[PDB]
Amino acid sequence: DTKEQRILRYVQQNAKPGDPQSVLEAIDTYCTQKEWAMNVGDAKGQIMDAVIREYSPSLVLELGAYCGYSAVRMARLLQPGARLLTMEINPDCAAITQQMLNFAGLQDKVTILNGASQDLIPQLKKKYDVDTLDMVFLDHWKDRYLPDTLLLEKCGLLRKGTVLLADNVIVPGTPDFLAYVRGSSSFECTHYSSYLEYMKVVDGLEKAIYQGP
Ligand SMILES: O=C(NC/C=C/[C@H]1O[C@@H](n2cnc(C(F)(F)F)c2)[C@H](O)[C@@H]1O)c1cc([N+](=O)[O-])cc(O)c1O
Ligand SMILES: [Mg+2]
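By the method listed in its record, X-ray crystallography, this PDB entry was determined to a resolution of 1.44 Å.

Take a look at the structure:
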């Protein structure tokens with residue numbers, strides 16, 4: 001029994017089927033109160049929602065599905081016919097994410113790709129009927145943000161105006177990626193400051209009164 005399975009089961013038991021907002025709220029409650037997990041969380045999530053709404057992307061790529069929190073967050077805001085592709089190298093995570101999406105009623109909008117980016121990015125256009133991406137959400141291993149961006153470019157998946165949106169550029173940090181995009185004339189960058197997810201961390205003092213030998 002893993003933390004991720006506990007999160008899914010919590011959702012199935014507490015959230016309302018076919019209600020994405022309910023699913024997000026259940027995940028957030030569980031991770032706030034019971035076990036920290038690396039979901040983007042509500043604070044950063046509200047910023048994501050505002051960016052998605054602004055750009056109204058027809059085709060989004062997510063790198064890093066985890067438990068499907070951001071996939072639910074993004075897919076619930078997609079217009080009819082728009083698609084989210086989400087890449088997850090861990091097959092246990094990919095299965096949890098599919099179940100989370102199913103529970104939320106968002107399965108028709110989302111395609112889970114189970115594999116490594118080095119294999120899957122070059123197969124996107126041919127296997128998943130993609131021309132160029134409107135938006136990319138980066139939230140996988142932090143050392144993979146830059147090499148994957150470069151691979152996306154190599155493969156012709158970026159067009160003028162493709163929006164990349166990257167989580168965790170402060171904590172844990174993505175320093176090569178951040179320096180690269182901020183220094184490149186090929187990118188125009190904006191920073192949205194917020195807070196790391198679920199950081200009300202409990203600690204305590206123990207008092208121990210000696211009673212003698
Ligand atoms: O390490 C963090 N995230 C790593 C998240 C990694 C997730 O992305 C998947 N993946 C890996 N490669 C691919 C692909 F697509 F390329 F194939 C998909 C991994 O299996 C995992 O589910 C993290 C850590 C903290 N923190 O505070 O420690 C806070 C956060 O918000 C975080 O995102
Ligand atoms: Mg993250």
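Still more ground to cover, so stick around.
1. So, the nonpolar core
One finds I7, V11, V23, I27, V72, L84 and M100 to be the most contacted residues of the largest nonpolar core, which totals 42 residues. Listed by contribution, the elements that provide at least two residues to this core are α1 (3-14), α2 (20-33), α3 (41-55), α4 (69-75), α5 (91-104), β3 (110-114), β4 (135-138) and β5 (163-166). Element by element, the count of residues in this core is highest for α5, at 7 residues. If near-sequence neighbours (up to four positions away) are discounted, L84 is found in contact with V60, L61, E62, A71, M74, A75, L78, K109, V110 and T111.

2. Observations regarding the layout of surface pockets
Its boundaries defined by the atoms lining it, the largest pocket holds a volume of some 1,200 Å³. Around the largest pocket sit 42 residues that line it, and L164, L165, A166, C189 and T190 are the ones nearest its centre. For the lining of the largest pocket, the secondary-structure elements that each account for two or more residues are α3, α8 (145-154), β5, α9 (169-173) and α10 (175-183). When its residues are assigned to classes, the lining of the largest pocket shows 24 nonpolar, 11 polar and 7 charged. In this structure, the second largest pocket encloses a volume near 560 Å³. Along its surface, the second largest pocket is lined by 30 residues, and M38, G64, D139, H140 and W141 are the ones closest to its centre.

3. Regarding the coordination of the magnesium ion (ligand 2)
Distances from the magnesium ion (ligand 2) to its protein donors, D139 (OD), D167 (OD) and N168 (OD1), fall within 2.0 to 2.1 Å. All donors of the magnesium ion (ligand 2) belong to a single chain; written as a sequence motif, their spacing is D-x27-D-N. We classify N168 as buried; its relative accessible area is 8%.

Cut-off values and rules
- Residues numbered from 1 in each chain as written, not as in the entry; some residues may be left out.
- Chains lettered and ligands numbered in written order.
- Heavy atoms only, no water.
- Core = buried A, V, L, I, M, F, W, Y, C linked by side-chain atoms within 4.5 Å.
- Buried < 20%, exposed > 50% of the residue type's maximum accessible area, 1.4 Å probe, protein only.
- Helix = DSSP H or I, 4+ residues; strand = E, 2+ residues; numbered from the N terminus.
- Contact = heavy atoms within 4.5 Å.
- 1 Å grid on protein atoms, 1.4 Å probe; cavity = no way out; pocket = protein on both sides within 12 Å on 5 of 7 lines; lining within 4 Å.
- Points joined across faces, edges and corners; volume = space filled by probe spheres on them.
- Nonpolar A, V, L, I, M, F, W, Y, C, P; charged D, E, K, R; others polar.
- Donors = N, O, S within 2.8 Å, 3.2 Å for Na, K, Ca; no water.

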